[PDB]
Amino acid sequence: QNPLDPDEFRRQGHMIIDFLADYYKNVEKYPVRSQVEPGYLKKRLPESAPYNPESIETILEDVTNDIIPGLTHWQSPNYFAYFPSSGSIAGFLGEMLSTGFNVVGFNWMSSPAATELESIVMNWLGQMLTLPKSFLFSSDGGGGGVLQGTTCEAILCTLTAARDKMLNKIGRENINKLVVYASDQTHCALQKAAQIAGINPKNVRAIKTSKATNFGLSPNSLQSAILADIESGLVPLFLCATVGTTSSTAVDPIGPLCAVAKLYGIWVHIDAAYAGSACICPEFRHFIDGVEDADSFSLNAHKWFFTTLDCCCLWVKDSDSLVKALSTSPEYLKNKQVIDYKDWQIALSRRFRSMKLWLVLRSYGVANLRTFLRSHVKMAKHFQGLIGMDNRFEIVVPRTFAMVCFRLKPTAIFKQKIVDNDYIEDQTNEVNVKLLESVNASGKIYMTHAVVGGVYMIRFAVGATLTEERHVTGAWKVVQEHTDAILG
């Protein structure tokens, strides 16, 4: 009858829960990387909507037969690609409570709980991160934090804030002279955000890094680029320093970076999308030292903090700049020192995201969360040791968190006393391409690659919530079998 019948809700919801419990019980059974051909689904499904209803049972049969073959199982214990899609029972339950309530929190009045819980919970997490008080919500009133969907949106919001702060002082006609700084390892979330914000594409500086800094941004290189831009009559605006780059999880030195930036009034945003969460543990916190000298800081709680997709956390030292850049107060939504979160982000409508984070924190506790992260790190260390037992491979850059970067060495295919050169390195790159593709095609595990300084290398990024030690051991076994077979 009604699409929100409570009893039908109970029934079908129980059905879907059983379905997902089965899926988690069975996921290790599928090939990690989808093995379908492009366009398979367009062929297997109808071309128009149904006129009459269809049973939920039918739709679930179709989910099993048609959808799942087309999934890359990010939550498989044998998923090691990109960065983890960190999920959890608590995260799922928080998402489902938010979707059940289905409220729209664009201002305080549309649901006081959404806004106030988000404030409380961001303070919680930021305190766990031991962020400086200048970034948290002061009860005596400055700083503050907000939940957004993605890192790209957080960078876009802080970039727009910086842009408007500067152009209000010097005049919009300088918009095409504004310069954004990052490293050549910096995630594309930055150049996309710069494009959308109207920064001229000639003024996004991907500063060159090298093995001498383990591909972190050199402060001397940043200062040279800044001085060149000043000499050309341009306007330095924004630096995006990164903790845990996508390629090799390199780590930028935030302290000296901000020290250079303050010399020129540059806004500094800290992209710690993946690695940020590890900083709740005392032994990892040093990676974000100097954050106190930066202007904004973000992490992706869905990459390594079990929330489920999606939940990016953005803390700012000067929330008024966010608000001023993004604010619009029409009359339909005006109908007191409250927070209107629509003025902190892109979207007007907002999802009750604080629920996921709240439920994760409460269900597991700081101790168990730290244990989870340390489990991932210990598994990565174990993988690196296994590699250390095979002189055919090397570690290309130091393991900073739970990602290991490795490759077959040149001496694994060139049995000669010849000095390295470009051709030898290219052929080594080729055999590593071949090895990774063979492994992925097996379907037993899934890893992605990255090129740093011309060296092509394989990333083992362990963090899937279901992963256990045996999956690490088995993954190494698979790499070794495919190595043996490729090298005869």
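In this text, residue numbers run from 1 along the sequence as written.
Where coordinates are absent for parts of the deposited sequence, a chain break appears; between neighbours residue 141 and residue 142 it spans 1 to 3 residues. Counting the deposited residues that fall between residue 335 and residue 336 and carry no coordinates gives a value of 4 to 9.
With 261-269 and 385-393 compared on mean CA B-factor from the PDB entry, the stretch scoring higher is 385-393. 403-411 and 319-327 differ in mean CA B-factor, and the higher of the two is recorded for 319-327.
Per the PDB entry, 53 shows the highest C-alpha temperature factor of the residues 454, 70, 53, 463. Across the options 379, 90, 190, 157, the residue with the most elevated CA B-factor in the record is 379. For residue 246, the recorded CA B-factor ranks within the lowest third of the chain. Only modelled residues enter the ranking. The PDB entry assigns residue 284 a C-alpha temperature factor belonging to the middle third of its chain's modelled residues. Ranked against the other modelled residues of its chain, the C-alpha B-factor of residue 41 as given in the entry falls in the highest third.
Split the chain's modelled residues into thirds by C-alpha temperature factor. Residue 65 is in the highest one. Residue 118: CA B factor lies in the lowest third for its chain, per the PDB record.
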